[PDB]
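Engineer: Fold the following.
(5 chains)
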Amino acid sequence: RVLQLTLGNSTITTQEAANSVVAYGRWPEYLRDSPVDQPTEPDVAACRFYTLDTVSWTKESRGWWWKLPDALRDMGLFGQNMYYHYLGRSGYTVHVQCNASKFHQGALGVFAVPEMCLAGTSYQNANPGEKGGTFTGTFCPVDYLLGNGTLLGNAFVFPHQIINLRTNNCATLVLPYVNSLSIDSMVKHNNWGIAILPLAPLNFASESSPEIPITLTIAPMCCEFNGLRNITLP
Amino acid sequence: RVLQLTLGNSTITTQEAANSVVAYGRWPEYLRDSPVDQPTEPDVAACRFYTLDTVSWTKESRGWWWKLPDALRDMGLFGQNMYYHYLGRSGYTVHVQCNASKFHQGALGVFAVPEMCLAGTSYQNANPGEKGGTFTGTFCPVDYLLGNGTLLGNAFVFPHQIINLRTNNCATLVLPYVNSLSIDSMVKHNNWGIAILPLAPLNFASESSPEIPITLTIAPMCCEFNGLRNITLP
Amino acid sequence: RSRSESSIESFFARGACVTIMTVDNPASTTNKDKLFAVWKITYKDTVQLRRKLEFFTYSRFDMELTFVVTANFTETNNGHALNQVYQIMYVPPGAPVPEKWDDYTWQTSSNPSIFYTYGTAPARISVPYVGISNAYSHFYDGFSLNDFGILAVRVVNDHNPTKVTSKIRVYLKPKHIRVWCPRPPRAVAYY
Amino acid sequence: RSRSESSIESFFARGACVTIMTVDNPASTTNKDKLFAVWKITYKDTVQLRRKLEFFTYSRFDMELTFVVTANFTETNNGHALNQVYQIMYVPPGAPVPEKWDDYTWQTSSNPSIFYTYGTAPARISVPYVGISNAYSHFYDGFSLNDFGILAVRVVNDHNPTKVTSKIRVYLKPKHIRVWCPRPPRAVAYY
Amino acid sequence: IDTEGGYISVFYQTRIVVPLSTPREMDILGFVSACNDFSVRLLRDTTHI
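Structural biologist: Residues are numbered from 1 along each chain as shown, chains lettered A, B, ... in the order given. What follows is the structure:
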């Protein structure tokens, strides 16, 4: 069975979004009552599954990472909205599938990390746009650290899902908007940050594709923006 | 008394739109029933009063003219819509005021002309964009002809209104969409064309502004576009 | 007083020769190309009709076409011949138009055809509105004029050894007309 | 939008000259065999019709046949003659076809006949479906193609001393058609 | 006749990964047809020789 999800001009097929995890079990929604609260609401075409360029997981692949909204600082509309607008706030459904054959043992951890400050500093350095940033096992923040001198084994606190190949081959984190504010400048501040690390090292059979692809399908949800609308009076 | 008309981010003050004329007494509206008819409906921000650069009417001014939609081939949004879209159709309220002092005798005729083929040939030649095109009294199509070797005196057939200065100083034509089709390529085909000619020659008192300004405030109404939306099926 | 005589129809509806197609009997001797004559139906030649139409911007109209044929021998010689018969081909818009005398197009099933035998009741057919759009236009303010097909005529009797020229007046007469957006009329002069 | 213009009829139903029978006046002088001309009605010559038919495997159709006749003297001589009259014989399937000019077959009562006097309204008849089976076939996968009769034409005025050749176009036009088992169409090329 | 109509492209989104010696040469077939809304008008045969 395969569900075919649609968001206007975009469509994604999904085996079974049974293993969907909403971070902190909070579904993303708009700003509740708590016009005057300037909720410019363009939930039309900026809410379509976008697809980042796939990375090629290999034997010695350390890991990948993308900041959000950053990633979509170009995905057409949404990327636009993050300029004609000063303020905004979107949740996001991140949908990571990585099709592989039944002969590829391996396992990835997808970690959504609120305010993912990757340590070891210059805007561009920490914003790899749409191609994401990679880790290293010794610029590239240390993998088993996630920049921040932490022991990997604890990552699992952060909304996470494990793509153990000999089972599900997809994963879907659902991040809701999270921040110390109620709305904010979507451009200069990346609420989330998705890191994908290989837990079990990718291994396969003799003559088989030695580099399985993994795609990210980030769809901004219930997004909104500030206001330019002023007011007049007679 | 002055009415203050609003269309989102734009606002126009108008003395009294009492002398408003709808061409052929047909108000512009959308495509009636006569989704399947692919009526992509973005009647949001493309429907705001735009304002063309004012022309300076003088003694020896012959006349001016603008093709529509052409004119708005740049007025932000609407101009955009005429590219991301293949098909479209908009009416328009054209609102021509020309503030002058009580000491300026003069009179203009505003003529809306469906399919205004200005004769004497190269796209750019017949599409002066937003600054409009001017006439001449002998490139510049002959004024008392409107290109087409016609006698001026008959213009009045075409939806028209006369700005006789010693009376109303504004004029508002309301064109509805007109064409041999039901929808069309807004870009390569100018449904209307507004020509403003001075009937009574502009004259004034000794030391007074010798060049009264006339502004055009074209607001596209009930506009719509073709479709990119395809369809899938299991 | 009444308006009747000036309604749209009463105005437009009027037989008007719009052209004279001329062909020559396929005299195997020296007939060069007069073998067949072909005309693309367009008002743009008859000032008269043309003018009345440009009084508006748009219009629809089932056009009816009558045919009057007239022959005569070119040589005062003992010109004998058997009653000839003309073929009248209507070529609907966007269809190939004959080139040769015996181009396959005459045979081609699409084209409605007429075999008028000389000296008889004038031939007649009536193509309905054939605009691809919703009305023929008379003016345009865009880039890449409409079609109404082509007439094609050719004699069918073949090896006649006596040249027999023939004119064919076409009398087009707009029927069921309807117009839109009147415009000032052009001075008689420019045409 | 509507489908009408592409229904089976609207598609097939179209006058198409399928051949030109040519005969000569029985000029007792030297006329050899052009005395009469005979054609076995078969689509298999008009690529056009042929093709549209092979789009299917089976079909039934009352065929209507019009006749257009055209004469002219062969000699520029003072060619005189009285309005000739042609005989048009329809020979239903499995019937003997004329051989001589004056073979008994012209007289034979079975054969429906037409006497068209030159220079008049084109002759016309319409044989109904005449398949011995339940539909004409277009393809066969067995052993020992169908018939639709024969046309036969001969001039009737006899001792004319002026040779008068005449073509007779036949304009067959399928009517009340019905088809079965559509098949991919053959490339224009092979015919 | 001749000039628009649109296009349809197919992009490798991800490489076509496979298990064992299975060949790295798949193939794809393409179909086309009309839907109920399709219709035609003004017949015009051209076939000749």
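Engineer: For chain A, which residues are neighbours of chain B?
Structural biologist: Along chain A, the residues adjacent to chain B under the rule C-beta under 8 Å from any C-beta of the partner chain are A:4, A:6, A:8, A:9, A:11, A:228, A:229, A:232, A:234. The way it works is simple: take the backbone N, C-alpha and C, and place the C-beta from them, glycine included.
Engineer: doesn't residue B:4 make contact with the last one?
Structural biologist: Yes. The pair residue A:234 / residue B:4 is scored as a contact, 6.8 Å apart, by C-beta atoms under 8 Å.
Engineer: before we move on, the earlier item: could I get the residues of chain A next to chain B in TSV, plus columns for neighbour count, secondary structure and distance to chain E?
Structural biologist: Listed next are the residues of chain A next to chain B as TSV, based on neighbours: other C-beta atoms under 10 Å in any protein chain shown; DSSP: H, G, I helix; E, B strand; the rest coil; distance: C-beta to the nearest C-beta, whole Å:
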residue	neighbour count	secondary structure	distance to chain E
A:4	11	strand	15
A:6	11	strand	17
A:8	14	coil	18
A:9	13	coil	14
A:11	13	strand	13
A:228	12	coil	35
A:229	10	coil	37
A:232	7	coil	44
A:234	5	coil	50
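Engineer: measure residue C:182 to chain B for me?
Structural biologist: When C-beta to the nearest C-beta, to the nearest Å is the yardstick, residue C:182 and chain B sit 5 Å from each other.
Engineer: wait, residue A:220
Structural biologist: 20 Å.
Engineer: Residue C:74 too?
Structural biologist: In terms of C-beta to the nearest C-beta, residue C:74 sits 43 Å off from chain B.
Engineer: And for that residue, the neighbour number?
Structural biologist: 13 (other C-beta atoms under 10 Å in any protein chain shown).
Engineer: phi, psi of it?
Structural biologist: Backbone torsions of residue C:74, given as degrees, to the nearest 10, read phi -80, psi -30.
Engineer: Disregarding residues adjacent in the polypeptide, which is nearest to it?
Structural biologist: residue C:163 (4.3 Å; C-beta to C-beta, 6 or more residues apart in numbering or on different chains).
Engineer: burial count for that neighbour?
Structural biologist: Residue C:163: 19 neighbours (other C-beta under 10 Å).
Engineer: repeat for residue A:208
Structural biologist: 17.
Engineer: List, one by one, the residues from chain E near chain B.
Structural biologist: Checking chain E against chain B by C-beta under 8 Å from any C-beta, the hits are E:4, E:37.
Engineer: I'd like to know if stretch E:3-10 reaches chain C anywhere along the stretch.
Structural biologist: No. Using C-beta under 8 Å from any C-beta, stretch E:3-10 never reaches chain C; the gap is at least 9.4 Å.
Engineer: Nearest to chain D within chain A, name that residue for me.
Structural biologist: residue A:9 (25.4 Å; C-beta to the nearest C-beta).
Engineer: That residue: what's it in contact with?
Structural biologist: By C-beta atoms under 8 Å, 6 or more residues apart in numbering or on different chains, residue A:9 lies in contact with A:45, A:48, B:228, B:229.
Engineer: Now that we have these, can you turn them into TSV and tack on distance to residue B:196?
Structural biologist: Output for the contacts of residue A:9, formatted as TSV (distance: C-beta to C-beta, whole Å):
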residue	distance to residue B:196
A:45	39
A:48	45
B:228	38
B:229	40
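Engineer: Which member of the residues you listed is positioned nearest residue B:155?
Structural biologist: Checking the contacts of residue A:9 against residue B:155 by C-beta to C-beta gives residue B:228 as the nearest, at 41.0 Å.
Engineer: for the nearest residue to that closest one once chain neighbours are set aside, phi and psi?
Structural biologist: In this structure, residue B:228 finds its nearest non-sequential neighbour in residue A:9, 6.6 Å apart by C-beta to C-beta, 6+ apart. Here is the backbone geometry of residue A:9 (degrees, to the nearest 10): phi -60, psi 0.
Engineer: Kindly report the same for residue A:23.
Structural biologist: According to degrees, to the nearest 10, residue A:23 has phi -50, psi 120.
Engineer: what about the residue nearest to it when sequence neighbours are not counted, neighbour count?
Structural biologist: Distance criterion C-beta to C-beta, 6+ apart; nearest residue to residue A:23, sequence neighbours excluded, is residue A:159 at 3.3 Å. Neighbours of residue A:159 under the rule other C-beta under 10 Å: 23.
Engineer: In chain A, which residue sits furthest out from the middle?
Structural biologist: residue A:234 (48.0 Å; C-alpha atoms, centre = their mean).
Engineer: Which helix or which strand is home to the residue positioned nearest the centre of chain E?
Structural biologist: When C-alpha atoms, centre = their mean is applied to chain E, the residue found nearest the centroid is residue E:30 (4.8 Å). Here residue E:30, judged by DSSP states H and E, is contained in no helix and no strand.
Engineer: Return the residues in contact with it.
Structural biologist: Neighbours of residue E:30 in contact, by C-beta under 8 Å, 6+ apart: none.
Engineer: Output the longest helix along chain C in CSV with nothing but the alpha carbons.
Structural biologist: When chain C is parsed with DSSP state H, its longest helix is helix C:47-54. Provided in CSV are the C-alpha atoms of helix C:47-54 (Å, rounded to 0.1, in the frame of the first residue of the first chain):
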residue,chain,number,x,y,z
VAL,C,47,-14.6,48.5,-50.2
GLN,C,48,-18.3,48.3,-49.8
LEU,C,49,-18.6,45.2,-47.7
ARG,C,50,-15.2,45.9,-46.1
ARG,C,51,-16.4,49.3,-44.8
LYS,C,52,-19.7,48.2,-43.4
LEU,C,53,-17.8,45.5,-41.5
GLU,C,54,-15.2,47.8,-40.1
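Engineer: That one and chain B, any residue contact?
Structural biologist: No. Shown here: helix C:47-54 not in contact with chain B (C-beta under 8 Å from any C-beta), separated by at least 9.1 Å.
Engineer: Can you give the contact residues for that helix?
Structural biologist: C:11-12, C:16, C:18, C:43-44, C:59, C:138-139, C:172, C:174, C:183, C:185-186, C:188, C:191.
Engineer: out of those residues, which are inside strands?
Structural biologist: Per DSSP state E, strands hold the following members of these: C:16, C:18, C:59, C:172, C:174.
Engineer: before we move on, the earlier item: buried sites along the longest helix of chain C?
Structural biologist: C:49, C:50, C:52, C:53, C:54 (16 or more other C-beta atoms under 10 Å in any protein chain shown).
Engineer: One more: stretch C:172-188?
Structural biologist: Quick answer for stretch C:172-188 (16+ other C-beta under 10 Å): C:172, C:173, C:174, C:177, C:179, C:180, C:181, C:183, C:184, C:186.
Engineer: isn't residue A:170 right up against residue A:100?
Structural biologist: No. Residue A:170 lies out of contact with residue A:100 (C-beta under 8 Å); the separation is 10.8 Å.
Engineer: Residue A:67: what's it in contact with?
Structural biologist: So residue A:67 contacts A:116, A:126, A:127, A:128, A:190, A:192, A:193 (C-beta under 8 Å, 6+ apart).
Engineer: Residue C:160 too?
Structural biologist: Listed by C-beta under 8 Å, 6+ apart, the contact set of residue C:160 reads C:25, C:26, C:27, C:81, C:84, D:72, D:73.
Engineer: Residue C:66 now?
Structural biologist: C:15, C:122, C:123, C:124, C:170, C:171, C:172, C:173.
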